[PDB]
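A.B. asks: File follows, structure-v5.cif with mmCIF, C-alpha atoms and all ligand atoms; chains and numbers go by the auth columns:
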```
data_data
#
loop_
_atom_site.group_PDB
_atom_site.id
_atom_site.type_symbol
_atom_site.label_atom_id
_atom_site.label_comp_id
_atom_site.label_asym_id
_atom_site.label_seq_id
_atom_site.Cartn_x
_atom_site.Cartn_y
_atom_site.Cartn_z
_atom_site.B_iso_or_equiv
_atom_site.auth_seq_id
_atom_site.auth_asym_id
ATOM 1 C CA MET A 1 -66.114 58.603 -18.175 0.00 1 M
ATOM 2 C CA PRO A 2 -67.699 58.304 -21.650 0.00 2 M
ATOM 3 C CA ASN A 3 -69.724 61.150 -23.107 0.00 3 M
ATOM 4 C CA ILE A 4 -71.996 60.529 -26.068 0.00 4 M
ATOM 5 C CA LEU A 5 -72.328 64.229 -27.020 0.00 5 M
ATOM 6 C CA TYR A 6 -68.499 64.598 -27.017 0.00 6 M
ATOM 7 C CA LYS A 7 -68.301 61.564 -29.323 0.00 7 M
ATOM 8 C CA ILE A 8 -70.977 62.756 -31.749 0.00 8 M
ATOM 9 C CA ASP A 9 -69.537 66.297 -31.919 0.00 9 M
ATOM 10 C CA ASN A 10 -66.078 64.989 -32.812 0.00 10 M
ATOM 11 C CA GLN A 11 -67.212 62.284 -35.242 0.00 11 M
ATOM 12 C CA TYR A 12 -69.710 64.607 -36.930 0.00 12 M
ATOM 13 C CA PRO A 13 -67.483 66.014 -39.732 0.00 13 M
ATOM 14 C CA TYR A 14 -67.127 62.606 -41.408 0.00 14 M
ATOM 15 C CA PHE A 15 -70.829 61.708 -41.379 0.00 15 M
ATOM 16 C CA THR A 16 -72.900 61.752 -44.570 0.00 16 M
ATOM 17 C CA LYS A 17 -75.195 64.709 -45.280 0.00 17 M
ATOM 18 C CA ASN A 18 -78.180 62.834 -43.904 0.00 18 M
ATOM 19 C CA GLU A 19 -76.324 61.528 -40.861 0.00 19 M
ATOM 20 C CA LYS A 20 -75.178 65.119 -40.153 0.00 20 M
ATOM 21 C CA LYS A 21 -78.756 66.360 -40.209 0.00 21 M
ATOM 22 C CA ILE A 22 -79.741 63.770 -37.590 0.00 22 M
ATOM 23 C CA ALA A 23 -76.617 64.271 -35.478 0.00 23 M
ATOM 24 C CA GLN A 24 -76.938 68.071 -35.508 0.00 24 M
ATOM 25 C CA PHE A 25 -80.530 67.685 -34.253 0.00 25 M
ATOM 26 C CA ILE A 26 -79.355 65.469 -31.403 0.00 26 M
ATOM 27 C CA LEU A 27 -76.566 67.868 -30.486 0.00 27 M
ATOM 28 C CA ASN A 28 -78.809 70.951 -30.671 0.00 28 M
ATOM 29 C CA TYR A 29 -81.939 69.546 -29.053 0.00 29 M
ATOM 30 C CA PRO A 30 -80.669 66.767 -26.717 0.00 30 M
ATOM 31 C CA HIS A 31 -83.422 67.443 -24.181 0.00 31 M
ATOM 32 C CA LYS A 32 -86.165 67.315 -26.808 0.00 32 M
ATOM 33 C CA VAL A 33 -84.778 64.064 -28.264 0.00 33 M
ATOM 34 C CA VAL A 34 -85.113 61.973 -25.087 0.00 34 M
ATOM 35 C CA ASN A 35 -88.896 62.186 -25.186 0.00 35 M
ATOM 36 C CA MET A 36 -89.343 61.617 -28.913 0.00 36 M
ATOM 37 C CA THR A 37 -89.939 58.441 -30.803 0.00 37 M
ATOM 38 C CA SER A 38 -87.747 57.732 -33.834 0.00 38 M
ATOM 39 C CA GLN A 39 -90.749 58.323 -36.083 0.00 39 M
ATOM 40 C CA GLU A 40 -91.288 61.746 -34.561 0.00 40 M
ATOM 41 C CA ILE A 41 -87.652 62.685 -35.181 0.00 41 M
ATOM 42 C CA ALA A 42 -87.880 61.415 -38.775 0.00 42 M
ATOM 43 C CA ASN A 43 -90.875 63.583 -39.564 0.00 43 M
ATOM 44 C CA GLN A 44 -89.250 66.660 -37.995 0.00 44 M
ATOM 45 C CA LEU A 45 -86.105 66.194 -40.079 0.00 45 M
ATOM 46 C CA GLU A 46 -87.835 64.959 -43.247 0.00 46 M
ATOM 47 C CA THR A 47 -86.056 61.598 -43.140 0.00 47 M
ATOM 48 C CA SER A 48 -87.027 57.964 -42.333 0.00 48 M
ATOM 49 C CA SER A 49 -87.407 56.288 -38.928 0.00 49 M
ATOM 50 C CA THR A 50 -84.941 53.648 -40.119 0.00 50 M
ATOM 51 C CA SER A 51 -82.302 56.347 -40.747 0.00 51 M
ATOM 52 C CA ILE A 52 -82.730 57.607 -37.154 0.00 52 M
ATOM 53 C CA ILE A 53 -82.194 54.016 -35.945 0.00 53 M
ATOM 54 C CA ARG A 54 -79.145 53.395 -38.165 0.00 54 M
ATOM 55 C CA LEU A 55 -77.352 56.544 -37.021 0.00 55 M
ATOM 56 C CA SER A 56 -78.191 55.737 -33.400 0.00 56 M
ATOM 57 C CA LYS A 57 -76.617 52.259 -33.839 0.00 57 M
ATOM 58 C CA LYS A 58 -73.616 53.859 -35.488 0.00 58 M
ATOM 59 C CA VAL A 59 -72.894 56.069 -32.461 0.00 59 M
ATOM 60 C CA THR A 60 -73.797 53.683 -29.645 0.00 60 M
ATOM 61 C CA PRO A 61 -74.048 49.863 -29.670 0.00 61 M
ATOM 62 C CA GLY A 62 -77.525 49.739 -28.108 0.00 62 M
ATOM 63 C CA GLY A 63 -79.023 52.048 -30.766 0.00 63 M
ATOM 64 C CA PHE A 64 -81.875 54.487 -30.193 0.00 64 M
ATOM 65 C CA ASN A 65 -82.989 53.329 -26.706 0.00 65 M
ATOM 66 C CA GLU A 66 -79.408 53.492 -25.540 0.00 66 M
ATOM 67 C CA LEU A 67 -78.798 56.886 -27.163 0.00 67 M
ATOM 68 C CA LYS A 68 -81.714 58.291 -25.154 0.00 68 M
ATOM 69 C CA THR A 69 -80.486 56.582 -21.970 0.00 69 M
ATOM 70 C CA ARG A 70 -77.006 58.049 -22.442 0.00 70 M
ATOM 71 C CA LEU A 71 -78.364 61.523 -23.259 0.00 71 M
ATOM 72 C CA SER A 72 -80.505 61.473 -20.145 0.00 72 M
ATOM 73 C CA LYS A 73 -77.391 61.281 -17.953 0.00 73 M
ATOM 74 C CA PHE A 74 -76.378 64.778 -19.171 0.00 74 M
ATOM 75 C CA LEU A 75 -79.777 66.356 -18.665 0.00 75 M
ATOM 76 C CA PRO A 76 -81.049 68.047 -15.499 0.00 76 M
ATOM 77 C CA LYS A 77 -82.097 65.861 -12.597 0.00 77 M
ATOM 78 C CA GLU A 78 -85.742 66.091 -11.635 0.00 78 M
ATOM 79 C CA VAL A 79 -87.171 66.890 -8.242 0.00 79 M
ATOM 80 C CA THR A 80 -88.701 63.852 -6.525 0.00 80 M
ATOM 81 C CA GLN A 81 -90.294 65.656 -3.608 0.00 81 M
ATOM 82 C CA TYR A 82 -91.246 69.333 -3.432 0.00 82 M
ATOM 83 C CA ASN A 83 -90.651 70.189 0.233 0.00 83 M
ATOM 84 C CA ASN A 84 -83.585 64.148 -7.181 0.00 97 M
ATOM 85 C CA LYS A 85 -83.857 61.527 -9.933 0.00 98 M
ATOM 86 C CA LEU A 86 -82.506 60.842 -13.420 0.00 99 M
ATOM 87 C CA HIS A 87 -84.188 62.864 -16.116 0.00 100 M
ATOM 88 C CA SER A 88 -87.098 61.000 -17.707 0.00 101 M
ATOM 89 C CA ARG A 89 -86.898 59.223 -21.068 0.00 102 M
ATOM 90 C CA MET B 1 -92.103 82.261 -30.271 0.00 1 H
ATOM 91 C CA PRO B 2 -88.961 82.066 -28.091 0.00 2 H
ATOM 92 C CA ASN B 3 -88.973 80.033 -24.895 0.00 3 H
ATOM 93 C CA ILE B 4 -86.190 80.549 -22.380 0.00 4 H
ATOM 94 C CA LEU B 5 -86.805 77.223 -20.579 0.00 5 H
ATOM 95 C CA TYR B 6 -86.651 75.398 -23.939 0.00 6 H
ATOM 96 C CA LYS B 7 -83.304 77.092 -24.572 0.00 7 H
ATOM 97 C CA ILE B 8 -81.813 76.300 -21.154 0.00 8 H
ATOM 98 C CA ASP B 9 -82.971 72.638 -21.273 0.00 9 H
ATOM 99 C CA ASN B 10 -81.336 72.068 -24.651 0.00 10 H
ATOM 100 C CA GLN B 11 -78.107 73.984 -23.916 0.00 11 H
ATOM 101 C CA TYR B 12 -77.720 72.429 -20.453 0.00 12 H
ATOM 102 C CA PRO B 13 -75.538 69.405 -21.370 0.00 13 H
ATOM 103 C CA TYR B 14 -72.604 71.593 -22.462 0.00 14 H
ATOM 104 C CA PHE B 15 -72.573 73.933 -19.484 0.00 15 H
ATOM 105 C CA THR B 16 -69.836 73.742 -16.849 0.00 16 H
ATOM 106 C CA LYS B 17 -70.522 71.998 -13.516 0.00 17 H
ATOM 107 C CA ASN B 18 -71.317 75.293 -11.778 0.00 18 H
ATOM 108 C CA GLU B 19 -73.448 76.539 -14.666 0.00 19 H
ATOM 109 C CA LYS B 20 -75.382 73.255 -14.589 0.00 20 H
ATOM 110 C CA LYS B 21 -76.072 73.649 -10.876 0.00 21 H
ATOM 111 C CA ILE B 22 -77.546 77.110 -11.541 0.00 22 H
ATOM 112 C CA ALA B 23 -79.457 76.047 -14.644 0.00 23 H
ATOM 113 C CA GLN B 24 -80.930 72.940 -12.970 0.00 24 H
ATOM 114 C CA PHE B 25 -82.228 75.144 -10.152 0.00 25 H
ATOM 115 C CA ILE B 26 -83.872 77.518 -12.662 0.00 26 H
ATOM 116 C CA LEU B 27 -85.443 74.639 -14.569 0.00 27 H
ATOM 117 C CA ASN B 28 -86.659 72.835 -11.431 0.00 28 H
ATOM 118 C CA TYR B 29 -87.817 75.865 -9.458 0.00 29 H
ATOM 119 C CA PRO B 30 -88.789 78.460 -12.066 0.00 30 H
ATOM 120 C CA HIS B 31 -91.587 79.860 -9.916 0.00 31 H
ATOM 121 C CA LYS B 32 -89.294 80.188 -6.886 0.00 32 H
ATOM 122 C CA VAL B 33 -86.652 81.982 -9.017 0.00 33 H
ATOM 123 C CA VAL B 34 -88.874 84.867 -10.173 0.00 34 H
ATOM 124 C CA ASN B 35 -89.175 86.148 -6.611 0.00 35 H
ATOM 125 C CA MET B 36 -85.590 85.681 -5.572 0.00 36 H
ATOM 126 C CA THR B 37 -82.575 87.944 -5.811 0.00 37 H
ATOM 127 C CA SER B 38 -79.312 86.668 -7.303 0.00 38 H
ATOM 128 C CA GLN B 39 -77.807 86.762 -3.803 0.00 39 H
ATOM 129 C CA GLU B 40 -80.652 84.538 -2.532 0.00 40 H
ATOM 130 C CA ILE B 41 -80.148 82.027 -5.334 0.00 41 H
ATOM 131 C CA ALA B 42 -76.392 82.087 -4.719 0.00 42 H
ATOM 132 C CA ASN B 43 -76.874 81.333 -1.023 0.00 43 H
ATOM 133 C CA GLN B 44 -79.242 78.454 -1.849 0.00 44 H
ATOM 134 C CA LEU B 45 -76.731 76.908 -4.255 0.00 45 H
ATOM 135 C CA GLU B 46 -73.423 77.573 -2.404 0.00 46 H
ATOM 136 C CA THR B 47 -72.200 79.679 -5.299 0.00 47 H
ATOM 137 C CA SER B 48 -71.531 83.321 -6.084 0.00 48 H
ATOM 138 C CA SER B 49 -74.047 85.972 -7.029 0.00 49 H
ATOM 139 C CA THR B 50 -71.649 86.928 -9.870 0.00 50 H
ATOM 140 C CA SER B 51 -71.842 83.389 -11.288 0.00 51 H
ATOM 141 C CA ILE B 52 -75.683 83.621 -11.297 0.00 52 H
ATOM 142 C CA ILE B 53 -75.494 86.946 -13.102 0.00 53 H
ATOM 143 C CA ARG B 54 -72.955 85.569 -15.590 0.00 54 H
ATOM 144 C CA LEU B 55 -75.100 82.503 -16.374 0.00 55 H
ATOM 145 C CA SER B 56 -78.141 84.767 -16.779 0.00 56 H
ATOM 146 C CA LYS B 57 -76.318 86.966 -19.305 0.00 57 H
ATOM 147 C CA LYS B 58 -75.127 83.831 -21.100 0.00 58 H
ATOM 148 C CA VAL B 59 -78.716 82.694 -21.727 0.00 59 H
ATOM 149 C CA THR B 60 -80.418 86.101 -22.249 0.00 60 H
ATOM 150 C CA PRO B 61 -78.753 89.439 -23.093 0.00 61 H
ATOM 151 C CA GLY B 62 -80.632 91.422 -20.401 0.00 62 H
ATOM 152 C CA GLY B 63 -79.211 89.202 -17.665 0.00 63 H
ATOM 153 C CA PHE B 64 -80.858 88.278 -14.411 0.00 64 H
ATOM 154 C CA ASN B 65 -83.799 90.668 -14.376 0.00 65 H
ATOM 155 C CA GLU B 66 -84.625 89.769 -18.004 0.00 66 H
ATOM 156 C CA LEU B 67 -84.345 86.074 -17.147 0.00 67 H
ATOM 157 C CA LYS B 68 -87.027 86.608 -14.478 0.00 68 H
ATOM 158 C CA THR B 69 -89.217 88.597 -16.929 0.00 69 H
ATOM 159 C CA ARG B 70 -89.017 85.861 -19.507 0.00 70 H
ATOM 160 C CA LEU B 71 -89.700 83.127 -16.933 0.00 71 H
ATOM 161 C CA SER B 72 -92.779 84.984 -15.710 0.00 72 H
ATOM 162 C CA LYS B 73 -94.419 84.571 -19.136 0.00 73 H
ATOM 163 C CA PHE B 74 -94.543 80.822 -18.472 0.00 74 H
ATOM 164 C CA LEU B 75 -95.851 81.071 -14.924 0.00 75 H
ATOM 165 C CA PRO B 76 -99.485 81.181 -13.865 0.00 76 H
ATOM 166 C CA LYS B 77 -101.269 84.478 -14.336 0.00 77 H
ATOM 167 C CA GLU B 78 -102.541 86.149 -11.170 0.00 78 H
ATOM 168 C CA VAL B 79 -106.098 87.225 -10.382 0.00 79 H
ATOM 169 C CA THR B 80 -106.751 90.935 -10.879 0.00 80 H
ATOM 170 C CA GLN B 81 -110.094 91.079 -9.106 0.00 81 H
ATOM 171 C CA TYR B 82 -111.747 88.460 -6.916 0.00 82 H
ATOM 172 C CA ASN B 83 -115.349 88.601 -8.144 0.00 83 H
ATOM 173 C CA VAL B 84 -117.831 85.934 -7.063 0.00 84 H
ATOM 174 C CA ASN B 85 -105.721 87.880 -15.008 0.00 97 H
ATOM 175 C CA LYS B 86 -102.278 89.552 -15.026 0.00 98 H
ATOM 176 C CA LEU B 87 -98.650 88.576 -15.675 0.00 99 H
ATOM 177 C CA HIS B 88 -97.117 86.771 -12.715 0.00 100 H
ATOM 178 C CA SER B 89 -95.143 89.060 -10.421 0.00 101 H
ATOM 179 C CA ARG B 90 -91.342 89.285 -10.629 0.00 102 H
HETATM 180 CL CL CL C . -65.541 68.628 -27.731 0.00 201 C
HETATM 181 CL CL CL C . -87.379 70.411 -25.064 0.00 202 C
HETATM 182 NA NA NA C . -80.787 71.101 -35.715 0.00 203 C
HETATM 183 NI NI NI C . -86.777 68.001 -18.762 0.00 204 C
HETATM 184 NI NI NI C . -96.972 82.565 -7.883 0.00 205 C
#
```
Could you rewrite the structure in this file as structure tokens?
Ligand SMILES: [Cl-]
Ligand SMILES: [Cl-]
Ligand code: NA
Ligand code: NI
Ligand code: NI
C.D. replies:
Amino acid sequence: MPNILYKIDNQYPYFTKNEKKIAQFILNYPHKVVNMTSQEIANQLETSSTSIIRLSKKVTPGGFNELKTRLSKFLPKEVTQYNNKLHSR
Amino acid sequence: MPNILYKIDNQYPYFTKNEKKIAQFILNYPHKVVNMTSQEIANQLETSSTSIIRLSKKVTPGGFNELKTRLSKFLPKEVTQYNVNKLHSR
């Protein structure tokens, strides 16, 4: 079974300085990322939205939407009824 | 300021299967947790009280009781006097 965080962690050392900044953010704040727009991430990291998109496409074919989808699989499931579902994105 | 739920949410993906079970319960039922013992949580989750204590110490140095103290800061405050608030109990 694939694991996007495993991939990013192990590819990380060969990324550019800017790619590393974005990747480290993803690895360190994977929960926060899934409910952020690319523009929001860019402002937080003092980079461009485009850069967030390009690194997303580098690590997964479907880019930013797919990165968030994939991340969400490794986040906590949410309670459906308080007497479970995939984490939101 | 620090936020223990923020920490657990963002560390969660790298935890072991058992740690994730415990952490998901804390994240999903944080109010329920503050008035449970580690043995009660263990029985709910079909795991060991020691594993609850270990996960607690992993996320906060004071362990299980400190976990509950920190959680209580993010729970509703309770009414001190009913006249026609205080830190949530632990
Ligand atoms: Cl690894
Ligand atoms: Cl978060
Ligand atoms: Na970071
Ligand atoms: Ni969440
Ligand atoms: Ni209460």
A.B. asks: Give the residue list for ligand NI 205 (chain C) at 12 Å, counting all atoms listed in the file, as a VMD selection string, sorted by chain and then by residue number.
C.D. replies: chain H and resid 29 to 35 71 to 79 98 to 102
A.B. asks: Neighbouring residues of residue 82 in chain M were defined as those with any atom within 12 Å, considering all atoms listed in the file; residues of the same chain fewer than 2 positions away were excluded. Please report them as a list in words.
C.D. replies: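 Listing them by chain and then by number gives residues 78, 79, 80 and 97 of chain M; 28, 29 and 32 of chain H.
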A.B. asks: Return as a ChimeraX atom specification the set of residues that the PyMOL selection byres ((chain M) within 10 of (chain H)) yields on the displayed structure.
C.D. replies: /M:5-6,26-33,71-79,82
A.B. asks: Using only C-alpha atoms and all ligand atoms, which protein or nucleic acid residues are at most 8 Å from ligand CL 201 (chain C), as a short mmCIF file (atom, residue, chain, number, x, y, z; two decimals) with C-alpha atoms, in the frame of the given file?
C.D. replies:
```cif
data_model
loop_
_atom_site.label_atom_id
_atom_site.label_comp_id
_atom_site.auth_asym_id
_atom_site.auth_seq_id
_atom_site.Cartn_x
_atom_site.Cartn_y
_atom_site.Cartn_z
CA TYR M 6 -68.50 64.60 -27.02
CA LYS M 7 -68.30 61.56 -29.32
CA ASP M 9 -69.54 66.30 -31.92
CA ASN M 10 -66.08 64.99 -32.81
#
```
A.B. asks: Can you work out the spacing between CA of residue 24 in chain M and CA of residue 12 in chain M in Å, to one decimal?
C.D. replies: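 If I compute the distance from CA of residue 24 in chain M to CA of residue 12 in chain M, I get 8.1 Å.
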A.B. asks: Using only C-alpha atoms, determine which residues lie at most 8 Å from residue 22 in chain H, disregarding the query and same-chain residues fewer than 5 positions distant; provide the list as JSON, numbers by chain.
C.D. replies: {"H": [45, 52, 55]}
A.B. asks: Just so the selection is clear, what residues does the PyMOL selection byres (((chain M and resi 60-70) around 8) and not hetatm) cover here, as a ChimeraX atom specification?
C.D. replies: /M:3-4,33-34,38,52-59,71-74,102
A.B. asks: Just the number, please: distance in Å from CA of residue 44 in chain H to CA of residue 100 in chain M, one decimal.
C.D. replies: 21.7 Å
A.B. asks: Counting all atoms listed in the file, which residue out of M:36, M:22, M:8, M:1 sits closest to ligand CL 202 (chain C)?
C.D. replies: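 Comparing M:36, M:22, M:8, M:1 against ligand CL 202 (chain C), the winner is M:36.
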A.B. asks: Applied to this file, what does the PyMOL selection byres (((chain M and resi 18) around 10) and not hetatm) return in terms of residues, put as a count of residues only?
C.D. replies: 15
A.B. asks: Of the residues M:13, M:2, M:50, M:41, which is the one nearest to ligand NA 203 (chain C), using only C-alpha atoms and all ligand atoms?
C.D. replies: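 For ligand NA 203 (chain C), the nearest of the candidates is M:41.
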A.B. asks: Could you tell me how far CA of residue 38 in chain H sits from CA of residue 51 in chain H, in Å to one decimal place?
C.D. replies: 9.1 Å
A.B. asks: Taking (-75.7, 85.8, -11.7) in the file's coordinates as the center, which residues reach within 12 Å of it, counting all atoms listed in the file, put as a VMD selection string?
C.D. replies: chain H and resid 18 to 19 22 to 23 26 33 36 to 43 45 47 to 60 62 to 68
A.B. asks: Produce a file of the selected residues containing C-alpha atoms, as a PDB file, in the frame of the given file.
C.D. replies:
```pdb
ATOM      1  CA  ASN H  18     -71.317  75.293 -11.778  1.00  0.00           C
ATOM      2  CA  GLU H  19     -73.448  76.539 -14.666  1.00  0.00           C
ATOM      3  CA  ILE H  22     -77.546  77.110 -11.541  1.00  0.00           C
ATOM      4  CA  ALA H  23     -79.457  76.047 -14.644  1.00  0.00           C
ATOM      5  CA  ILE H  26     -83.872  77.518 -12.662  1.00  0.00           C
ATOM      6  CA  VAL H  33     -86.652  81.982  -9.017  1.00  0.00           C
ATOM      7  CA  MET H  36     -85.590  85.681  -5.572  1.00  0.00           C
ATOM      8  CA  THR H  37     -82.575  87.944  -5.811  1.00  0.00           C
ATOM      9  CA  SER H  38     -79.312  86.668  -7.303  1.00  0.00           C
ATOM     10  CA  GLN H  39     -77.807  86.762  -3.803  1.00  0.00           C
ATOM     11  CA  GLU H  40     -80.652  84.538  -2.532  1.00  0.00           C
ATOM     12  CA  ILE H  41     -80.148  82.027  -5.334  1.00  0.00           C
ATOM     13  CA  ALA H  42     -76.392  82.087  -4.719  1.00  0.00           C
ATOM     14  CA  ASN H  43     -76.874  81.333  -1.023  1.00  0.00           C
ATOM     15  CA  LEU H  45     -76.731  76.908  -4.255  1.00  0.00           C
ATOM     16  CA  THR H  47     -72.200  79.679  -5.299  1.00  0.00           C
ATOM     17  CA  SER H  48     -71.531  83.321  -6.084  1.00  0.00           C
ATOM     18  CA  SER H  49     -74.047  85.972  -7.029  1.00  0.00           C
ATOM     19  CA  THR H  50     -71.649  86.928  -9.870  1.00  0.00           C
ATOM     20  CA  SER H  51     -71.842  83.389 -11.288  1.00  0.00           C
ATOM     21  CA  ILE H  52     -75.683  83.621 -11.297  1.00  0.00           C
ATOM     22  CA  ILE H  53     -75.494  86.946 -13.102  1.00  0.00           C
ATOM     23  CA  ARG H  54     -72.955  85.569 -15.590  1.00  0.00           C
ATOM     24  CA  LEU H  55     -75.100  82.503 -16.374  1.00  0.00           C
ATOM     25  CA  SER H  56     -78.141  84.767 -16.779  1.00  0.00           C
ATOM     26  CA  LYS H  57     -76.318  86.966 -19.305  1.00  0.00           C
ATOM     27  CA  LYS H  58     -75.127  83.831 -21.100  1.00  0.00           C
ATOM     28  CA  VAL H  59     -78.716  82.694 -21.727  1.00  0.00           C
ATOM     29  CA  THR H  60     -80.418  86.101 -22.249  1.00  0.00           C
ATOM     30  CA  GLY H  62     -80.632  91.422 -20.401  1.00  0.00           C
ATOM     31  CA  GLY H  63     -79.211  89.202 -17.665  1.00  0.00           C
ATOM     32  CA  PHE H  64     -80.858  88.278 -14.411  1.00  0.00           C
ATOM     33  CA  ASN H  65     -83.799  90.668 -14.376  1.00  0.00           C
ATOM     34  CA  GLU H  66     -84.625  89.769 -18.004  1.00  0.00           C
ATOM     35  CA  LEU H  67     -84.345  86.074 -17.147  1.00  0.00           C
ATOM     36  CA  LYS H  68     -87.027  86.608 -14.478  1.00  0.00           C
TER      37      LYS H  68
END
```
A.B. asks: Which one is closest to ligand NA 203 (chain C): M:49, M:81, M:11, M:44? Count all atoms listed in the file.
C.D. replies: M:44
A.B. asks: Extending 3 Å beyond the listed atoms of range 15-19 of chain H on each side, what axis-aligned box results? I want centre and edge lengths in Å to one decimal, as JSON.
C.D. replies:
```
{"center_x": -71.6, "center_y": 74.3, "center_z": -15.6, "size_x": 9.6, "size_y": 10.5, "size_z": 13.7}
```
